[PDB]
file upload_7.csv (CSV, N, CA and C atoms)
chain,number,residue,atom,x,y,z
L,84,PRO,N,-7.5,-18.5,25.0
L,84,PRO,CA,-6.7,-18.2,26.3
L,84,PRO,C,-5.8,-17.0,26.2
L,85,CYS,N,-5.4,-16.7,25.0
L,85,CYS,CA,-4.5,-15.6,24.7
L,85,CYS,C,-5.4,-14.3,24.5
L,86,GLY,N,-6.5,-14.6,23.8
L,86,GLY,CA,-7.5,-13.6,23.7
L,86,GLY,C,-7.8,-13.4,22.3
L,87,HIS,N,-7.1,-12.4,21.7
L,87,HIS,CA,-7.2,-12.0,20.4
L,87,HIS,C,-6.2,-10.9,20.3
L,88,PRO,N,-5.2,-11.1,19.3
L,88,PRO,CA,-4.1,-10.1,19.2
L,88,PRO,C,-4.7,-8.7,18.8
L,89,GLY,N,-5.5,-8.8,17.8
L,89,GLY,CA,-6.0,-7.6,17.2
L,89,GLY,C,-6.2,-7.8,15.8
L,90,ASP,N,-6.9,-7.0,15.2
L,90,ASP,CA,-7.1,-7.1,13.8
L,90,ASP,C,-6.9,-5.9,13.1
L,91,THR,N,-6.4,-5.9,11.9
L,91,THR,CA,-5.9,-4.8,11.2
L,91,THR,C,-7.0,-4.4,10.1
L,92,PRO,N,-7.4,-3.2,10.1
L,92,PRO,CA,-8.3,-2.7,9.0
L,92,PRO,C,-7.6,-2.6,7.7
L,93,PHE,N,-6.3,-2.5,7.8
L,93,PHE,CA,-5.4,-2.4,6.7
L,93,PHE,C,-5.2,-3.7,6.0
L,94,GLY,N,-5.3,-4.7,6.7
L,94,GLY,CA,-5.1,-6.0,6.0
L,94,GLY,C,-6.0,-7.1,6.7
L,95,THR,N,-5.3,-8.1,6.9
L,95,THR,CA,-5.9,-9.3,7.5
L,95,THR,C,-4.8,-10.0,8.4
L,96,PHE,N,-5.2,-10.9,9.2
L,96,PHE,CA,-4.3,-11.7,9.9
L,96,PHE,C,-4.7,-13.1,9.9
L,97,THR,N,-3.8,-14.0,10.0
L,97,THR,CA,-4.1,-15.4,10.0
L,97,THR,C,-3.5,-16.0,11.3
L,98,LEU,N,-3.9,-17.2,11.6
L,98,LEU,CA,-3.5,-17.8,12.8
L,98,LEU,C,-2.8,-19.1,12.4
L,99,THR,N,-1.6,-19.2,12.7
L,99,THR,CA,-0.8,-20.3,12.3
L,99,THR,C,-0.4,-21.2,13.6
L,100,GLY,N,-0.5,-22.5,13.5
L,100,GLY,CA,-0.2,-23.3,14.6
L,100,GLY,C,-1.4,-23.9,15.2
L,101,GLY,N,-2.4,-23.1,15.5
L,101,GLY,CA,-3.6,-23.6,16.1
L,101,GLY,C,-4.8,-23.1,15.5
L,102,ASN,N,-4.7,-22.1,14.6
L,102,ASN,CA,-5.8,-21.5,13.9
L,102,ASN,C,-6.8,-20.8,14.8
L,103,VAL,N,-6.4,-20.5,16.0
L,103,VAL,CA,-7.2,-19.8,17.0
L,103,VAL,C,-6.3,-19.0,17.9
L,104,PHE,N,-6.8,-18.5,19.0
L,104,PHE,CA,-6.0,-17.7,19.9
L,104,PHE,C,-5.6,-18.5,21.1
L,105,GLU,N,-5.1,-19.7,20.9
L,105,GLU,CA,-4.6,-20.6,21.9
L,105,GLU,C,-3.1,-20.4,22.2
L,106,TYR,N,-2.6,-21.1,23.1
L,106,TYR,CA,-1.2,-20.9,23.4
L,106,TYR,C,-0.3,-21.6,22.4
L,107,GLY,N,0.7,-20.8,22.0
L,107,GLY,CA,1.6,-21.3,21.0
L,107,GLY,C,1.3,-20.9,19.6
L,108,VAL,N,0.1,-20.3,19.4
L,108,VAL,CA,-0.3,-19.9,18.0
L,108,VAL,C,0.4,-18.6,17.6
L,109,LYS,N,0.6,-18.5,16.4
L,109,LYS,CA,1.2,-17.3,15.9
L,109,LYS,C,0.2,-16.6,15.0
L,110,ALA,N,-0.1,-15.4,15.4
L,110,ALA,CA,-1.0,-14.6,14.6
L,110,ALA,C,-0.2,-13.8,13.6
L,111,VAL,N,-0.1,-14.3,12.4
L,111,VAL,CA,0.7,-13.7,11.4
L,111,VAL,C,-0.2,-12.8,10.5
L,112,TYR,N,0.1,-11.6,10.6
L,112,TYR,CA,-0.6,-10.6,9.9
L,112,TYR,C,-0.1,-10.5,8.4
L,113,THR,N,-1.0,-10.2,7.6
L,113,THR,CA,-0.8,-10.1,6.2
L,113,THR,C,-1.7,-9.0,5.6
L,114,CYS,N,-1.0,-8.1,4.9
L,114,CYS,CA,-1.7,-6.9,4.4
L,114,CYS,C,-2.6,-7.3,3.2
L,115,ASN,N,-3.5,-6.4,2.8
L,115,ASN,CA,-4.4,-6.6,1.7
L,115,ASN,C,-3.9,-6.0,0.5
L,116,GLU,N,-4.6,-6.1,-0.6
L,116,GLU,CA,-4.3,-5.6,-1.8
L,116,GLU,C,-4.4,-4.1,-1.8
L,117,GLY,N,-3.3,-3.5,-1.5
L,117,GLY,CA,-3.2,-2.1,-1.5
L,117,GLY,C,-2.4,-1.7,-0.3
L,118,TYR,N,-2.0,-2.6,0.5
L,118,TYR,CA,-1.2,-2.4,1.7
L,118,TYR,C,0.0,-3.2,1.7
L,119,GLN,N,0.9,-2.9,2.5
L,119,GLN,CA,2.2,-3.6,2.6
L,119,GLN,C,2.6,-3.6,4.0
L,120,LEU,N,3.4,-4.5,4.4
L,120,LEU,CA,3.9,-4.5,5.8
L,120,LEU,C,5.0,-3.5,6.0
L,121,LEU,N,5.1,-3.0,7.1
L,121,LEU,CA,6.1,-2.1,7.4
L,121,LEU,C,6.8,-2.6,8.6
L,122,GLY,N,8.1,-2.9,8.5
L,122,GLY,CA,8.8,-3.5,9.5
L,122,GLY,C,9.0,-5.0,9.2
L,123,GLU,N,9.8,-5.6,10.1
L,123,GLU,CA,10.1,-7.0,9.9
L,123,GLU,C,9.1,-7.9,10.5
L,124,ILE,N,8.6,-7.4,11.7
L,124,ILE,CA,7.6,-8.2,12.5
L,124,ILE,C,6.3,-8.2,11.7
L,125,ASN,N,5.8,-9.4,11.5
L,125,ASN,CA,4.5,-9.6,10.8
L,125,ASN,C,3.6,-10.4,11.7
L,126,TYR,N,4.1,-10.9,12.8
L,126,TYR,CA,3.3,-11.9,13.5
L,126,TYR,C,3.4,-11.6,15.0
L,127,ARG,N,2.5,-12.2,15.7
L,127,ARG,CA,2.5,-12.2,17.2
L,127,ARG,C,2.4,-13.6,17.6
L,128,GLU,N,3.2,-14.0,18.5
L,128,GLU,CA,3.2,-15.4,19.0
L,128,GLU,C,2.7,-15.5,20.4
L,129,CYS,N,1.8,-16.4,20.6
L,129,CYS,CA,1.2,-16.5,21.9
L,129,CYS,C,2.1,-17.4,22.8
L,130,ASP,N,2.7,-16.8,23.7
L,130,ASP,CA,3.5,-17.6,24.7
L,130,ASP,C,2.7,-17.7,25.9
L,131,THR,N,3.2,-18.2,27.0
L,131,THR,CA,2.5,-18.4,28.2
L,131,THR,C,2.2,-17.0,28.9
L,132,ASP,N,2.9,-16.0,28.5
L,132,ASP,CA,2.8,-14.7,29.0
L,132,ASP,C,1.7,-13.9,28.2
L,133,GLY,N,1.3,-14.6,27.1
L,133,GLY,CA,0.3,-14.0,26.2
L,133,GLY,C,1.0,-13.7,24.9
L,134,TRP,N,0.4,-12.9,24.1
L,134,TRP,CA,1.0,-12.5,22.8
L,134,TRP,C,2.3,-11.8,23.0
L,135,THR,N,3.4,-12.3,22.4
L,135,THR,CA,4.7,-11.8,22.6
L,135,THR,C,4.8,-10.4,22.0
L,136,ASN,N,4.8,-10.3,20.6
L,136,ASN,CA,4.9,-9.1,19.9
L,136,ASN,C,3.5,-8.4,19.9
L,137,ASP,N,3.5,-7.2,19.3
L,137,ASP,CA,2.4,-6.4,19.1
L,137,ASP,C,1.9,-6.4,17.7
L,138,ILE,N,0.8,-5.7,17.4
L,138,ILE,CA,0.3,-5.6,16.1
L,138,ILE,C,1.3,-4.9,15.2
L,139,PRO,N,1.8,-5.6,14.1
L,139,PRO,CA,2.8,-5.0,13.3
L,139,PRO,C,2.2,-3.9,12.5
L,140,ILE,N,3.1,-3.2,11.8
L,140,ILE,CA,2.7,-2.0,11.1
L,140,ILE,C,2.4,-2.4,9.7
L,141,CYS,N,1.3,-2.1,9.2
L,141,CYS,CA,0.9,-2.3,7.9
L,141,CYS,C,0.6,-1.0,7.3
L,142,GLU,N,1.4,-0.6,6.4
L,142,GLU,CA,1.2,0.7,5.8
L,142,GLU,C,0.6,0.6,4.4
L,143,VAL,N,-0.1,1.6,4.1
L,143,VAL,CA,-0.8,1.7,2.8
L,143,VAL,C,0.3,1.8,1.7
L,144,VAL,N,0.1,1.0,0.6
L,144,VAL,CA,1.1,1.0,-0.5
L,144,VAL,C,1.1,2.4,-1.1
L,145,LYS,N,2.2,3.0,-1.2
L,145,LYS,CA,2.4,4.3,-1.8
L,145,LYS,C,3.3,4.2,-2.9
L,146,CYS,N,2.9,4.8,-4.0
L,146,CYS,CA,3.7,4.8,-5.2
L,146,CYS,C,4.4,6.1,-5.2
L,147,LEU,N,5.6,6.2,-5.6
L,147,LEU,CA,6.5,7.3,-5.6
L,147,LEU,C,5.9,8.5,-6.4
L,148,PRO,N,6.0,9.7,-5.8
L,148,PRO,CA,5.5,10.9,-6.5
L,148,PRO,C,6.2,11.1,-7.8
L,149,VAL,N,5.4,10.9,-8.9
L,149,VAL,CA,5.9,11.1,-10.2
L,149,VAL,C,6.1,12.6,-10.5
L,150,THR,N,7.1,12.9,-11.2
L,150,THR,CA,7.4,14.3,-11.4
L,150,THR,C,6.5,14.9,-12.4
L,151,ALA,N,6.6,14.5,-13.7
L,151,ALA,CA,5.8,14.9,-14.8
L,151,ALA,C,6.4,14.4,-16.1
L,152,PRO,N,5.7,14.3,-17.2
L,152,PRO,CA,6.3,14.0,-18.5
L,152,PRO,C,7.1,15.3,-19.0
L,153,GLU,N,7.8,15.2,-20.0
L,153,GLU,CA,8.7,16.2,-20.5
L,153,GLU,C,7.9,17.5,-20.9
L,154,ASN,N,6.9,17.3,-21.7
L,154,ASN,CA,6.1,18.5,-22.2
L,154,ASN,C,4.7,18.4,-21.7
L,155,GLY,N,4.6,17.9,-20.5
L,155,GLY,CA,3.3,17.7,-19.9
L,155,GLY,C,3.3,17.9,-18.4
L,156,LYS,N,2.2,17.8,-17.8
L,156,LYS,CA,2.1,17.9,-16.4
L,156,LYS,C,1.1,17.0,-15.8
L,157,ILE,N,1.0,16.9,-14.5
L,157,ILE,CA,0.1,16.0,-13.8
L,157,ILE,C,-1.3,16.7,-13.6
L,158,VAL,N,-2.3,15.9,-13.8
L,158,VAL,CA,-3.7,16.2,-13.7
L,158,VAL,C,-4.1,16.0,-12.2
L,159,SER,N,-3.6,14.8,-11.7
L,159,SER,CA,-4.0,14.4,-10.3
L,159,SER,C,-3.0,15.0,-9.3
L,160,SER,N,-2.8,16.3,-9.4
L,160,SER,CA,-1.9,17.0,-8.5
L,160,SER,C,-2.6,17.3,-7.2
L,161,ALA,N,-3.9,17.5,-7.2
L,161,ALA,CA,-4.7,17.7,-6.0
L,161,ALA,C,-5.7,16.6,-5.8
L,162,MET,N,-6.1,16.5,-4.5
L,162,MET,CA,-7.1,15.5,-4.1
L,162,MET,C,-7.2,15.5,-2.6
L,163,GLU,N,-6.1,15.8,-2.0
L,163,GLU,CA,-5.9,16.0,-0.6
L,163,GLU,C,-4.8,17.1,-0.4
L,164,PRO,N,-4.7,17.7,0.8
L,164,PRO,CA,-3.6,18.6,1.1
L,164,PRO,C,-2.4,17.9,1.6
L,165,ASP,N,-2.6,16.6,1.7
L,165,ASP,CA,-1.6,15.7,2.2
L,165,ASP,C,-1.0,15.0,1.0
L,166,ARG,N,-1.9,14.5,0.1
L,166,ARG,CA,-1.6,13.9,-1.1
L,166,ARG,C,-0.4,13.0,-1.3
L,167,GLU,N,-0.5,11.8,-0.7
L,167,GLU,CA,0.4,10.7,-1.0
L,167,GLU,C,-0.2,9.9,-2.0
L,168,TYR,N,0.5,9.3,-2.9
L,168,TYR,CA,-0.1,8.5,-3.9
L,168,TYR,C,-0.3,7.1,-3.4
L,169,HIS,N,-1.5,6.9,-2.9
L,169,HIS,CA,-1.8,5.6,-2.3
L,169,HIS,C,-2.4,4.7,-3.4
L,170,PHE,N,-2.4,3.4,-3.2
L,170,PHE,CA,-3.0,2.4,-4.1
L,170,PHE,C,-4.5,2.8,-4.5
L,171,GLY,N,-4.7,2.7,-5.7
L,171,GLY,CA,-6.1,3.0,-6.2
L,171,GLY,C,-6.1,4.4,-6.9
L,172,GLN,N,-5.1,5.2,-6.6
L,172,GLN,CA,-5.0,6.5,-7.2
L,172,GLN,C,-4.5,6.5,-8.6
L,173,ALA,N,-5.2,7.2,-9.4
L,173,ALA,CA,-4.9,7.4,-10.8
L,173,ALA,C,-4.3,8.7,-11.0
L,174,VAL,N,-3.0,8.7,-11.4
L,174,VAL,CA,-2.3,9.9,-11.8
L,174,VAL,C,-2.5,10.1,-13.3
L,175,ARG,N,-3.3,11.0,-13.6
L,175,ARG,CA,-3.5,11.3,-14.9
L,175,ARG,C,-2.6,12.5,-15.3
L,176,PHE,N,-2.3,12.6,-16.6
L,176,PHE,CA,-1.4,13.6,-17.1
L,176,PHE,C,-2.0,14.3,-18.2
L,177,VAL,N,-1.5,15.5,-18.5
L,177,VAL,CA,-1.9,16.3,-19.6
L,177,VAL,C,-0.8,16.9,-20.2
L,178,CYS,N,-0.8,17.0,-21.5
L,178,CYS,CA,0.2,17.6,-22.3
L,178,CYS,C,0.0,19.0,-22.5
L,179,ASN,N,1.0,19.8,-22.6
L,179,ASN,CA,0.9,21.2,-22.8
L,179,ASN,C,0.5,21.6,-24.2
L,180,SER,N,0.3,22.9,-24.4
L,180,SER,CA,-0.1,23.4,-25.7
L,180,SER,C,0.7,22.9,-26.9
L,181,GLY,N,0.0,22.0,-27.7
L,181,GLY,CA,0.7,21.5,-28.9
L,181,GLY,C,1.3,20.2,-28.7
L,182,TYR,N,1.1,19.6,-27.6
L,182,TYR,CA,1.7,18.3,-27.4
L,182,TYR,C,0.7,17.2,-27.2
L,183,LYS,N,1.0,16.1,-27.7
L,183,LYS,CA,0.0,15.0,-27.6
L,183,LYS,C,0.6,13.9,-26.8
L,184,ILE,N,-0.1,13.2,-26.1
L,184,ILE,CA,0.4,12.1,-25.2
L,184,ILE,C,0.8,10.9,-26.1
L,185,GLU,N,1.9,10.3,-25.7
L,185,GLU,CA,2.4,9.2,-26.4
L,185,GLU,C,1.8,7.9,-25.9
L,186,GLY,N,1.8,7.8,-24.6
L,186,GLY,CA,1.3,6.6,-24.0
L,186,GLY,C,-0.2,6.9,-23.7
L,187,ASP,N,-0.6,6.4,-22.5
L,187,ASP,CA,-1.9,6.6,-22.0
L,187,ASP,C,-1.9,7.8,-21.0
L,188,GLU,N,-3.0,8.4,-20.7
L,188,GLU,CA,-3.0,9.5,-19.9
L,188,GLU,C,-3.1,9.2,-18.4
L,189,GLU,N,-3.5,8.0,-18.1
L,189,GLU,CA,-3.7,7.6,-16.7
L,189,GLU,C,-2.7,6.5,-16.2
L,190,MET,N,-2.3,6.6,-15.0
L,190,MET,CA,-1.4,5.7,-14.3
L,190,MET,C,-1.9,5.4,-12.9
L,191,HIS,N,-2.2,4.2,-12.6
L,191,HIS,CA,-2.7,3.8,-11.3
L,191,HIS,C,-1.5,3.3,-10.4
L,192,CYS,N,-1.8,3.4,-9.1
L,192,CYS,CA,-0.8,2.9,-8.2
L,192,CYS,C,-1.3,1.5,-7.8
L,193,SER,N,-0.5,0.5,-8.1
L,193,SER,CA,-0.9,-0.9,-7.7
L,193,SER,C,-0.2,-1.3,-6.4
L,194,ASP,N,-0.6,-2.5,-5.9
L,194,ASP,CA,-0.1,-3.1,-4.6
L,194,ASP,C,1.4,-3.3,-4.6
L,195,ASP,N,2.0,-3.4,-5.8
L,195,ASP,CA,3.4,-3.6,-6.0
L,195,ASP,C,4.2,-2.4,-5.5
L,196,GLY,N,3.5,-1.2,-5.3
L,196,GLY,CA,4.2,0.0,-4.9
L,196,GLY,C,4.9,0.6,-6.1
L,197,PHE,N,4.4,0.2,-7.2
L,197,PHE,CA,4.9,0.6,-8.5
L,197,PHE,C,3.7,1.1,-9.3
L,198,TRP,N,4.0,2.0,-10.2
L,198,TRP,CA,3.0,2.6,-11.1
L,198,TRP,C,2.6,1.6,-12.2
L,199,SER,N,1.3,1.5,-12.3
L,199,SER,CA,0.7,0.5,-13.3
L,199,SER,C,0.9,1.0,-14.7
L,200,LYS,N,0.9,2.3,-15.0
L,200,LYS,CA,1.1,2.7,-16.3
L,200,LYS,C,2.5,3.3,-16.4
L,201,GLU,N,3.1,3.3,-17.5
L,201,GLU,CA,4.4,3.8,-17.7
L,201,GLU,C,4.3,5.3,-17.7
L,202,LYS,N,5.3,6.1,-17.5
L,202,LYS,CA,5.2,7.5,-17.6
L,202,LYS,C,5.1,7.8,-19.1
L,203,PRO,N,4.0,8.4,-19.5
L,203,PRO,CA,3.8,8.7,-20.9
L,203,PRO,C,4.5,9.9,-21.3
L,204,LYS,N,4.7,10.1,-22.6
L,204,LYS,CA,5.4,11.3,-23.1
L,204,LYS,C,4.4,12.2,-23.7
L,205,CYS,N,4.9,13.4,-23.8
L,205,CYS,CA,4.1,14.4,-24.5
L,205,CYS,C,5.0,14.9,-25.6
L,206,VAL,N,4.7,14.6,-26.8
L,206,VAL,CA,5.4,14.8,-27.9
L,206,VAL,C,4.6,15.7,-28.9

call {"tool": "encode", "arguments": {"input": "upload_7.csv", "output": "structure tokens"}}
result
Amino acid sequence: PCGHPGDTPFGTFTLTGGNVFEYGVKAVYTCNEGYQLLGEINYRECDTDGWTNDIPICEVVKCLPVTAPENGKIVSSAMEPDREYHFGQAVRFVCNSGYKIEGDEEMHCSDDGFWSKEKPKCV
């Protein structure tokens, strides 16, 4: 009777209350592995007027732009002209002339919005 709130490519949505698009049901959106919700609103509630809220914002998980190790640099500097570090992206690093990497050379962006590998050193 409400219809269908919408569905997000970024994530998923679930229906709480009636498990359908009936009156009184809350379409609670939930992001997927690699996405996070943006904003406080995560749900749409079907009132007699229809769905109250709109489709919430689900943004892709971005991991903060790593600078570089001390005696090294980033390998994954290019990929896009936009280049945000989204989930799935592996930031690989390379050490300069005469330096060897202390940790591992690659770091992935996980759903946590945090880097999976630690920033390695070049010593």

call {"tool": "closest_residue", "arguments": {"input": "upload_7.csv", "among": "L:102, L:199, L:172, L:113", "to": "residue L:160", "atoms": "only C-alpha atoms"}}
result
L:172

call {"tool": "closest_residue", "arguments": {"input": "upload_7.csv", "among": "L:120, L:169, L:205, L:103", "to": "residue L:191", "atoms": "only N, CA and C atoms"}}
result
L:169

call {"tool": "atom_distance", "arguments": {"input": "upload_7.csv", "atom1": "atom C of residue L:177", "atom2": "atom CA of residue L:116"}}
result
29.3 Å

call {"tool": "atom_distance", "arguments": {"input": "upload_7.csv", "atom1": "atom CA of residue L:206", "atom2": "atom N of residue L:174"}}
result
19.5 Å

call {"tool": "atom_distance", "arguments": {"input": "upload_7.csv", "atom1": "atom CA of residue L:156", "atom2": "atom CA of residue L:189"}}
result
11.8 Å

call {"tool": "closest_residue", "arguments": {"input": "upload_7.csv", "among": "L:112, L:186, L:198, L:139", "to": "residue L:97", "atoms": "all atoms listed in the file"}}
result
L:112

call {"tool": "closest_residue", "arguments": {"input": "upload_7.csv", "among": "L:190, L:111, L:85, L:121", "to": "residue L:134", "atoms": "only N, CA and C atoms"}}
result
L:85

call {"tool": "residues_near_point", "arguments": {"input": "upload_7.csv", "point": "(3.1, -8.2, 17.1)", "cutoff": "12 Å", "atoms": "only C-alpha atoms", "output": "PDB file with N, CA and C atoms, in the coordinates of the input"}}
result
ATOM      1  N   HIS L  87      -7.100 -12.400  21.700  1.00  0.00           N
ATOM      2  CA  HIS L  87      -7.200 -12.000  20.400  1.00  0.00           C
ATOM      3  C   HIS L  87      -6.200 -10.900  20.300  1.00  0.00           C
ATOM      4  N   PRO L  88      -5.200 -11.100  19.300  1.00  0.00           N
ATOM      5  CA  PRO L  88      -4.100 -10.100  19.200  1.00  0.00           C
ATOM      6  C   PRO L  88      -4.700  -8.700  18.800  1.00  0.00           C
ATOM      7  N   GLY L  89      -5.500  -8.800  17.800  1.00  0.00           N
ATOM      8  CA  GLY L  89      -6.000  -7.600  17.200  1.00  0.00           C
ATOM      9  C   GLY L  89      -6.200  -7.800  15.800  1.00  0.00           C
ATOM     10  N   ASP L  90      -6.900  -7.000  15.200  1.00  0.00           N
ATOM     11  CA  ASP L  90      -7.100  -7.100  13.800  1.00  0.00           C
ATOM     12  C   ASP L  90      -6.900  -5.900  13.100  1.00  0.00           C
ATOM     13  N   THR L  91      -6.400  -5.900  11.900  1.00  0.00           N
ATOM     14  CA  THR L  91      -5.900  -4.800  11.200  1.00  0.00           C
ATOM     15  C   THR L  91      -7.000  -4.400  10.100  1.00  0.00           C
ATOM     16  N   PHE L  96      -5.200 -10.900   9.200  1.00  0.00           N
ATOM     17  CA  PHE L  96      -4.300 -11.700   9.900  1.00  0.00           C
ATOM     18  C   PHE L  96      -4.700 -13.100   9.900  1.00  0.00           C
ATOM     19  N   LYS L 109       0.600 -18.500  16.400  1.00  0.00           N
ATOM     20  CA  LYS L 109       1.200 -17.300  15.900  1.00  0.00           C
ATOM     21  C   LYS L 109       0.200 -16.600  15.000  1.00  0.00           C
ATOM     22  N   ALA L 110      -0.100 -15.400  15.400  1.00  0.00           N
ATOM     23  CA  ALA L 110      -1.000 -14.600  14.600  1.00  0.00           C
ATOM     24  C   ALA L 110      -0.200 -13.800  13.600  1.00  0.00           C
ATOM     25  N   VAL L 111      -0.100 -14.300  12.400  1.00  0.00           N
ATOM     26  CA  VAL L 111       0.700 -13.700  11.400  1.00  0.00           C
ATOM     27  C   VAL L 111      -0.200 -12.800  10.500  1.00  0.00           C
ATOM     28  N   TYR L 112       0.100 -11.600  10.600  1.00  0.00           N
ATOM     29  CA  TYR L 112      -0.600 -10.600   9.900  1.00  0.00           C
ATOM     30  C   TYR L 112      -0.100 -10.500   8.400  1.00  0.00           C
ATOM     31  N   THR L 113      -1.000 -10.200   7.600  1.00  0.00           N
ATOM     32  CA  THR L 113      -0.800 -10.100   6.200  1.00  0.00           C
ATOM     33  C   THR L 113      -1.700  -9.000   5.600  1.00  0.00           C
ATOM     34  N   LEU L 120       3.400  -4.500   4.400  1.00  0.00           N
ATOM     35  CA  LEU L 120       3.900  -4.500   5.800  1.00  0.00           C
ATOM     36  C   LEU L 120       5.000  -3.500   6.000  1.00  0.00           C
ATOM     37  N   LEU L 121       5.100  -3.000   7.100  1.00  0.00           N
ATOM     38  CA  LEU L 121       6.100  -2.100   7.400  1.00  0.00           C
ATOM     39  C   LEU L 121       6.800  -2.600   8.600  1.00  0.00           C
ATOM     40  N   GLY L 122       8.100  -2.900   8.500  1.00  0.00           N
ATOM     41  CA  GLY L 122       8.800  -3.500   9.500  1.00  0.00           C
ATOM     42  C   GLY L 122       9.000  -5.000   9.200  1.00  0.00           C
ATOM     43  N   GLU L 123       9.800  -5.600  10.100  1.00  0.00           N
ATOM     44  CA  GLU L 123      10.100  -7.000   9.900  1.00  0.00           C
ATOM     45  C   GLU L 123       9.100  -7.900  10.500  1.00  0.00           C
ATOM     46  N   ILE L 124       8.600  -7.400  11.700  1.00  0.00           N
ATOM     47  CA  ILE L 124       7.600  -8.200  12.500  1.00  0.00           C
ATOM     48  C   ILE L 124       6.300  -8.200  11.700  1.00  0.00           C
ATOM     49  N   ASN L 125       5.800  -9.400  11.500  1.00  0.00           N
ATOM     50  CA  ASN L 125       4.500  -9.600  10.800  1.00  0.00           C
ATOM     51  C   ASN L 125       3.600 -10.400  11.700  1.00  0.00           C
ATOM     52  N   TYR L 126       4.100 -10.900  12.800  1.00  0.00           N
ATOM     53  CA  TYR L 126       3.300 -11.900  13.500  1.00  0.00           C
ATOM     54  C   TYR L 126       3.400 -11.600  15.000  1.00  0.00           C
ATOM     55  N   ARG L 127       2.500 -12.200  15.700  1.00  0.00           N
ATOM     56  CA  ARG L 127       2.500 -12.200  17.200  1.00  0.00           C
ATOM     57  C   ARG L 127       2.400 -13.600  17.600  1.00  0.00           C
ATOM     58  N   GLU L 128       3.200 -14.000  18.500  1.00  0.00           N
ATOM     59  CA  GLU L 128       3.200 -15.400  19.000  1.00  0.00           C
ATOM     60  C   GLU L 128       2.700 -15.500  20.400  1.00  0.00           C
ATOM     61  N   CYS L 129       1.800 -16.400  20.600  1.00  0.00           N
ATOM     62  CA  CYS L 129       1.200 -16.500  21.900  1.00  0.00           C
ATOM     63  C   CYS L 129       2.100 -17.400  22.800  1.00  0.00           C
ATOM     64  N   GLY L 133       1.300 -14.600  27.100  1.00  0.00           N
ATOM     65  CA  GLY L 133       0.300 -14.000  26.200  1.00  0.00           C
ATOM     66  C   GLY L 133       1.000 -13.700  24.900  1.00  0.00           C
ATOM     67  N   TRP L 134       0.400 -12.900  24.100  1.00  0.00           N
ATOM     68  CA  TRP L 134       1.000 -12.500  22.800  1.00  0.00           C
ATOM     69  C   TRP L 134       2.300 -11.800  23.000  1.00  0.00           C
ATOM     70  N   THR L 135       3.400 -12.300  22.400  1.00  0.00           N
ATOM     71  CA  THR L 135       4.700 -11.800  22.600  1.00  0.00           C
ATOM     72  C   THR L 135       4.800 -10.400  22.000  1.00  0.00           C
ATOM     73  N   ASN L 136       4.800 -10.300  20.600  1.00  0.00           N
ATOM     74  CA  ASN L 136       4.900  -9.100  19.900  1.00  0.00           C
ATOM     75  C   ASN L 136       3.500  -8.400  19.900  1.00  0.00           C
ATOM     76  N   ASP L 137       3.500  -7.200  19.300  1.00  0.00           N
ATOM     77  CA  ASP L 137       2.400  -6.400  19.100  1.00  0.00           C
ATOM     78  C   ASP L 137       1.900  -6.400  17.700  1.00  0.00           C
ATOM     79  N   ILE L 138       0.800  -5.700  17.400  1.00  0.00           N
ATOM     80  CA  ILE L 138       0.300  -5.600  16.100  1.00  0.00           C
ATOM     81  C   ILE L 138       1.300  -4.900  15.200  1.00  0.00           C
ATOM     82  N   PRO L 139       1.800  -5.600  14.100  1.00  0.00           N
ATOM     83  CA  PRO L 139       2.800  -5.000  13.300  1.00  0.00           C
ATOM     84  C   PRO L 139       2.200  -3.900  12.500  1.00  0.00           C
ATOM     85  N   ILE L 140       3.100  -3.200  11.800  1.00  0.00           N
ATOM     86  CA  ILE L 140       2.700  -2.000  11.100  1.00  0.00           C
ATOM     87  C   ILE L 140       2.400  -2.400   9.700  1.00  0.00           C
ATOM     88  N   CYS L 141       1.300  -2.100   9.200  1.00  0.00           N
ATOM     89  CA  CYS L 141       0.900  -2.300   7.900  1.00  0.00           C
ATOM     90  C   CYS L 141       0.600  -1.000   7.300  1.00  0.00           C
TER      91      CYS L 141
END

call {"tool": "decode", "arguments": {"input": "upload_7.csv", "residues": "stretch 113-119 of chain L", "atoms": "N, CA, C and O atoms", "output": "mmCIF file, in the first residue's frame"}}
result
data_model
loop_
_atom_site.group_PDB
_atom_site.id
_atom_site.type_symbol
_atom_site.label_atom_id
_atom_site.label_comp_id
_atom_site.auth_asym_id
_atom_site.auth_seq_id
_atom_site.Cartn_x
_atom_site.Cartn_y
_atom_site.Cartn_z
ATOM 1 N N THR L 113 20.418 -0.432 5.380
ATOM 2 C CA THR L 113 21.658 -0.860 5.940
ATOM 3 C C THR L 113 22.668 -1.050 4.810
ATOM 4 O O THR L 113 22.386 -1.702 3.790
ATOM 5 N N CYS L 114 23.797 -0.439 4.959
ATOM 6 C CA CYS L 114 24.817 -0.465 3.949
ATOM 7 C C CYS L 114 25.525 -1.813 3.876
ATOM 8 O O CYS L 114 25.402 -2.643 4.780
ATOM 9 N N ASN L 115 26.221 -2.046 2.786
ATOM 10 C CA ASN L 115 26.921 -3.304 2.586
ATOM 11 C C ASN L 115 28.332 -3.189 3.004
ATOM 12 O O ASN L 115 28.766 -2.124 3.445
ATOM 13 N N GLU L 116 29.051 -4.280 2.842
ATOM 14 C CA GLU L 116 30.447 -4.352 3.136
ATOM 15 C C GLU L 116 31.221 -3.522 2.141
ATOM 16 O O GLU L 116 31.492 -3.927 1.007
ATOM 17 N N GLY L 117 31.443 -2.350 2.546
ATOM 18 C CA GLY L 117 32.195 -1.393 1.801
ATOM 19 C C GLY L 117 31.514 -0.061 1.762
ATOM 20 O O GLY L 117 31.992 0.881 1.128
ATOM 21 N N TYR L 118 30.395 0.033 2.431
ATOM 22 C CA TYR L 118 29.609 1.233 2.438
ATOM 23 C C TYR L 118 29.206 1.554 3.851
ATOM 24 O O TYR L 118 29.192 0.675 4.710
ATOM 25 N N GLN L 119 28.877 2.778 4.094
ATOM 26 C CA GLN L 119 28.522 3.220 5.408
ATOM 27 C C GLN L 119 27.410 4.204 5.278
ATOM 28 O O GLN L 119 27.242 4.821 4.220
#
